[PDB]
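A.B. asks: pasting an experimental structure, sequence included:
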Amino acid sequence: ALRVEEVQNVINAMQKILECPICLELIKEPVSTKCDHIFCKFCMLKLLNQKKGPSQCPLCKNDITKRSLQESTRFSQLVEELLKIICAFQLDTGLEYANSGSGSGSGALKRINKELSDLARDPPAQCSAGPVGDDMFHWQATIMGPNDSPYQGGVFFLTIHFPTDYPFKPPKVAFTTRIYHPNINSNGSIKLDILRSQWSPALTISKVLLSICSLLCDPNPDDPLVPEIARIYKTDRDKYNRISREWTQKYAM
Amino acid sequence: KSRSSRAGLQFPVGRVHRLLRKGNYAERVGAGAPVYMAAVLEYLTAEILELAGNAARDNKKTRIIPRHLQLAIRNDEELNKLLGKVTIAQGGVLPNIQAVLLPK
Amino acid sequence: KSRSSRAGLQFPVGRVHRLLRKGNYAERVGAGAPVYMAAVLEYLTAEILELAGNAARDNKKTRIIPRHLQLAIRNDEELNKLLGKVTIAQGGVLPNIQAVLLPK
Amino acid sequence: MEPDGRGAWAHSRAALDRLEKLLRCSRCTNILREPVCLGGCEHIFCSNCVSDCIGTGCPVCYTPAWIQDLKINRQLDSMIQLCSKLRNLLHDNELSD
Amino acid sequence: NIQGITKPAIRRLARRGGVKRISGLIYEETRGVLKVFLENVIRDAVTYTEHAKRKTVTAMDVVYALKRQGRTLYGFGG
Amino acid sequence: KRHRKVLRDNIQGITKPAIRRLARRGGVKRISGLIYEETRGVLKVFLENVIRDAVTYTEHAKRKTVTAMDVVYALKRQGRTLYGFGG
Amino acid sequence: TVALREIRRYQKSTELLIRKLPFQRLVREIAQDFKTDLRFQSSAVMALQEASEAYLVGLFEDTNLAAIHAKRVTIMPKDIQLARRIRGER
Amino acid sequence: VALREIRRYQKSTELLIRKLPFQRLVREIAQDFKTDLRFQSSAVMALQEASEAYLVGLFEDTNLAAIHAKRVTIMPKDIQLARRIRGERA
Amino acid sequence: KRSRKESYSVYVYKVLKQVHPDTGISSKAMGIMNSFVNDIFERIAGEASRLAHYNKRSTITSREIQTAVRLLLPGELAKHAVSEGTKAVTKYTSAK
Amino acid sequence: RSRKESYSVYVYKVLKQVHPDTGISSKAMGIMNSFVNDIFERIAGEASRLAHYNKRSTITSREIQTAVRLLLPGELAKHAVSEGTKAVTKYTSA
DNA sequence: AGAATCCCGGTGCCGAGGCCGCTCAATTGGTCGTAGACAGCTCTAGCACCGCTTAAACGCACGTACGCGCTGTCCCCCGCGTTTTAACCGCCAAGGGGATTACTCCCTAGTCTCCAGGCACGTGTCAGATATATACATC
DNA sequence: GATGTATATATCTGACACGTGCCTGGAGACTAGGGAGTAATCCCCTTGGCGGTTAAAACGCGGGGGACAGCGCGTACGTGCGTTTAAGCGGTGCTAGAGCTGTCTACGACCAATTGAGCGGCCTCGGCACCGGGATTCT
Ligand SMILES: [Zn+2]
Ligand SMILES: [Zn+2]
Ligand SMILES: [Zn+2]
Ligand SMILES: [Zn+2]
């Protein structure tokens, strides 16, 4: 262990920098944009090619277009040499250059396995999360209600099923218990703003888990899963918050 | 070899030269003038064709029709600013219904 | 005599001719071209000045000011179409208050 | 260190110099702390190099860009710090055993 | 003679424009607007034809007439 | 080089009275308080378009000063013609 | 409900919405006031018809905005006059 | 009171925006293209004149839109409509 | 050290006096009329140039100018402008 | 013959190097011919005007750069100019 | 009776109105070239016509989603007075860029010669348009 | 439950992708000349900062007109149905003028030589700006 962790961390950090919203590995096909961060040609084009109107940049508040993009050039050159360094790395330290990024090369499994591995090292900003145990695509989480909510102090349990094209397409987010909320189905299904026309790779497990509690803070009765609740929130608003609070005290989990 | 070959262009640099001269845009036309211009005309052509192509794919067609050229222009804000005064034959309109007209 | 004298025009037929060639509008300019053009420039000039002069008289002024040139235009349908896209420096606007804004 | 390792160690060192080679002019002689990039042609500038591309533009190249096309890439800032950190870490391990 | 533009014809144009409801009084006004538009374009198109000493108004004369009004057509060879 | 550039929210130089007077010239009887913010936004964009071109013309001439002629040409390029400053 | 079905159906299409023959008649009746004994290329008539419909459609798009601006759905003579004036003076 | 104000401002030929703060705005924008850029004093005047003319024309159209909606007070929504029809931002 | 711009200010004065012998025009107002003349000049020369190309001609004659006017000026304004044009040319050509 | 030439042959070549799987209908081609001539005229038009405004008689690539930046909105010009300068550079070196 | 729009008479500011003296650009006359006007012919594309076909347009009656006007309550806009800011005038100097000349020599126009890249045309495949039967997604 | 929208296939009717041979604009290579590229002068006019005067913008408060949200009434469209209507299609036959070719001549680029209509700057008043007081709107 001749300071191999330090060499490993600096080299792995290099990859961390040159890593897109979808890929959890060194970018092999980098393209530059107007704002200061590199994306993959394949990954960005797929995002831009969705019928969602003008797309916002997944790594900042600015926007993105197909135009204005250029061969990263310098960064493409960095990638090639960095790969050559990794060859040497396996002989210099003999350590891995990834946090168990050994899943399927299609990315369907490697991406979800790698994010969970990173999760263990760096959990969601305001909550706990980990695997259910049925598959690597089925995760659990425990989230407490923020102060700005009728659900304040309540804690809910999630069971989220991820697709093979995650995070390009939204996951099946669900609660195990029915919550008195416009966007929560009696079967647990959750409809977040971010899970439809606003879904993108921008959203990570931390952001998604935070978004769920954010929706509890501020519900969206437009095209609800449960109209019987959504109508009350839309029309009275305050009536909903009072009922939701009472419900939470017994059914939060 | 042609000028277009040397310039790495598909557009007829030789023709552009002739057009600029005959068109009396100026008393004289520089050697690099038609080269630069051809590159621009070709670039813009490529931009509109690429988008028209994608439109063809959306409709499961393998041939470009006037409608596809217009859908390409209308969806891209940049082209809309350039060609906002142009009507495309049989272009129809870009589909759009305002929220106030829809079911609630 | 002069060319404008023979034509009976106030505008410089000779300078109009020079501009048509200098501006490179065509390879050649016909002998009758600058005369016709000069006459039109004169006609339009006369129409604006005549109306501007009338505006000055209404305001009890002797010298024409930019506002009078503009009012003459704004009060003339033929000139509004001709110079509709033109802004006259320090012209102000044609006075106008809608009935719906007035007391009842 | 072993025959395969020592070769690799020398490689990684040489690789760092090659990575830095990416930022060059008659004055951009080393990796820059605050490199400025120009959209449309790259040509990364020294700390007092961007001032010339603002005044006139790139030598020979002369890209007709606006002053809004000039900015420091945050990604380089981070990568550059790491390449310096790695240079020293590799050298110390090579020296120690 | 302008009645050649039928009520349904106007409705169809309005539908393409995204109109949900049409007042029955618009049809008379719409025809008026159309009449004016055509008069302006034709006047110019005829002028071009007369200039060329032709008795036929060609597609190119319509196109030029329209370019001058800020409405360029594509696909007619102009 | 050596320019003491000043970066400020100078759009605020166009105040309520200024906008109010312009609106009055346009025949507006009452102005919502939200107009002031909207108007400034519109003005800034308009000026950006005209200035961008005026500068572009200046750059072409290899000059460092924007002349009255360049503003006038810029406006014509934008489809608006101004009399009294050009020739 | 029908209007929405028709709006979608027409926006998806490209054909000219004015019957060709009666349109041509309108053109000829106007043309005679500029010069007699004029003939038209068949393509010229199409070019003119296309320009005409495009004009009216664009006008209706703007008119529709004016109507919803006034918090109504139905297009009134008043709405077309407003849209026409703002556009007409540009 | 406002009606008298309208008459006076329509009648006068004076610039309605104070000259100094306007010039500052022009420079504030212009510096974003090139640094150390100079202007002829007449160039700024020309720009200001065009600028005021532009806004007045826009306000005249805005006013009409508000009237159409059976309102007297103009809203941001009315400016946006006028621009949308003119096609400034469409 | 010579002006390369010139103006029509001397001709505007002459025309002005013929219409309003007892009036004058300010220098700012003169700037407006000077620009006006060059604006119209460009429009007419512009259309005439286009007609030359559109009709496969290399020469601009009084015919093109006449047509350009009919296109550029509205309604009856054109009617008079054409009349003044043809009159000036006829007199000039016949030299009477 | 006297019939006006078009760019249909070049439009094909451009499409094949961009989106090779598809073809072009004859009417679509007609639209593209107008597009090329429209843009051609606009650029050439501005290049001419600039030559007059700057008291010059020869149009060079420099005047065109200016004309293009004036006509093409947004970021479109940035890409268009880039292609322009590259073509000139290669042409010059050849 | 109060407060804002003009007029009347008076001085003084500085703008423009006429004239001096000079010289670029207007005008004249002559030579030669060719772009346009005209005559003369082919046969393309347009005009007017007929009759049958069937999707489009005319006219009617039902009833209801929308337009219109009225009432009542909220707030946020306009007018007023007072304080504070910095817009504007007039002055001073330095010094950076504009417009100007005067020489250089490199780039484009015009000249001929000779060639293969695009034009018109025709052949043969096949891509899209219509219509049928298949099951779901809306309304 | 009852209509209407995308799905996958058979059929086949023009329009597109390709290939053949012709020749008309492209490229090659050379001279002459004039356009704009560089260097160097020096004269505006742009920038910046100084103070003082005082007009315009900014703050806070009164309270009232306009925005707009809800209610109820009336009818002007929208929906479907059934009855004609002439718009669209194909085919026929006539002929007016669009475009091609060839001949010849008013007339337009170009040059060199004479000279005067407008340029640019200076001397002389006279039309407007604005003070200070009055009467007429006009609320
Ligand atoms: Zn990626
Ligand atoms: Zn970003
Ligand atoms: Zn450098
Ligand atoms: Zn560069």
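C.D. replies: Noted; the coordinates are in hand. Residues are numbered from 1 along each chain as shown, chains lettered A, B, ... in the order given. Ligands and ions are numbered 1, 2, ... in the order given.
A.B. asks: when you work out contacts or count neighbours from here on, use the C-alpha atoms and nothing else.
C.D. replies: OK.
A.B. asks: chain center to the longest helix anywhere in chain D, what's the gap?
C.D. replies: Counting by DSSP state H, the longest helix found in chain D is helix D:74-96. Centre-to-centre, helix D:74-96 and its host chain are 13 Å apart (CA atoms, centre = their mean, to the nearest Å).
A.B. asks: could you list the buried residues of it?
C.D. replies: Residues D:74, D:76, D:79-80, D:82-83, D:86-87, D:89-90, D:93-94 are the ones in helix D:74-96 that count as buried (16 or more other CA atoms under 10 Å in any protein chain shown).
A.B. asks: also stretch G:75-90?
C.D. replies: Those would be G:75-77, G:79-84, G:86-87, for stretch G:75-90 by 16+ other CA under 10 Å.
A.B. asks: run through who's touching it.
C.D. replies: Contacts to stretch G:75-90, defined as CA atoms under 8 Å, 6 or more residues apart in numbering or on different chains, come from residues C:84-85, E:19, E:21-23, E:25-26, E:29, G:59-60, G:62-64, G:66-67, H:61, H:64-65, H:68, H:82, H:85-86.
A.B. asks: among the residues you listed, which are located in strands?
C.D. replies: In this view, these that belong to strands under DSSP state E are E:21-22.
A.B. asks: about what we covered before: between the buried residues of stretch G:75-90, which is closest to ligand 1?
C.D. replies: Ligand 1 lies nearest to residue G:87 out of the buried residues of stretch G:75-90, by CA to the ion, at 46.6 Å.
A.B. asks: ok, now how distant is that closest one from ligand 3?
C.D. replies: According to CA to the ion, to the nearest Å, residue G:87 stands 52 Å off from ligand 3.
A.B. asks: measure that residue to residue B:77 for me?
C.D. replies: The gap separating residue G:87 from residue B:77 is 21 Å, by CA to CA, to the nearest Å.
A.B. asks: just to revisit the earlier point, return the members of the contacts of stretch G:75-90 classed as buried.
C.D. replies: Among the contacts of stretch G:75-90, those classed as buried by 16+ other CA under 10 Å are C:84, E:19, E:21-22, E:26, E:29, G:59-60, G:62-64, G:66-67, H:61, H:64-65, H:68, H:82, H:85-86.
A.B. asks: and the residues you listed, which of them are in helices?
C.D. replies: Secondary structure defined by DSSP H assigns E:26, E:29, G:59-60, G:62-64, G:66-67, H:61, H:64-65, H:68, H:82, H:85-86 of those to helices.
A.B. asks: ok, the buried residues of stretch G:75-90 vs DNA strand L, which is closest?
C.D. replies: residue G:76 (6.8 Å; CA to the nearest atom of the strand).
A.B. asks: in what helix or strand does residue 9 lie?
C.D. replies: Looking at chain A here, since you left the chain open. helix A:4-17 (DSSP states H and E).
A.B. asks: other chain: chain D
C.D. replies: helix D:3-20.
A.B. asks: quick check: residue A:205 touching residue A:125?
C.D. replies: No: applying CA atoms under 8 Å as the test, residue A:205 and residue A:125 come out as separate, 9.6 Å apart.
A.B. asks: comparing these two, which residue is more hemmed in?
C.D. replies: residue A:205 (18 against 11; other CA atoms under 10 Å in any protein chain shown).
A.B. asks: all strands for the chain, in order.
C.D. replies: You didn't say which chain, so I picked chain A. Going by DSSP E, chain A shows strands at A:30-32, A:39-40, A:55-56, A:63-64, A:70-71, A:128-131, A:138-144, A:155-161.
A.B. asks: that's the wrong chain, I meant chain I
C.D. replies: Going by DSSP E, chain I shows strands at I:24-25, I:59-60.
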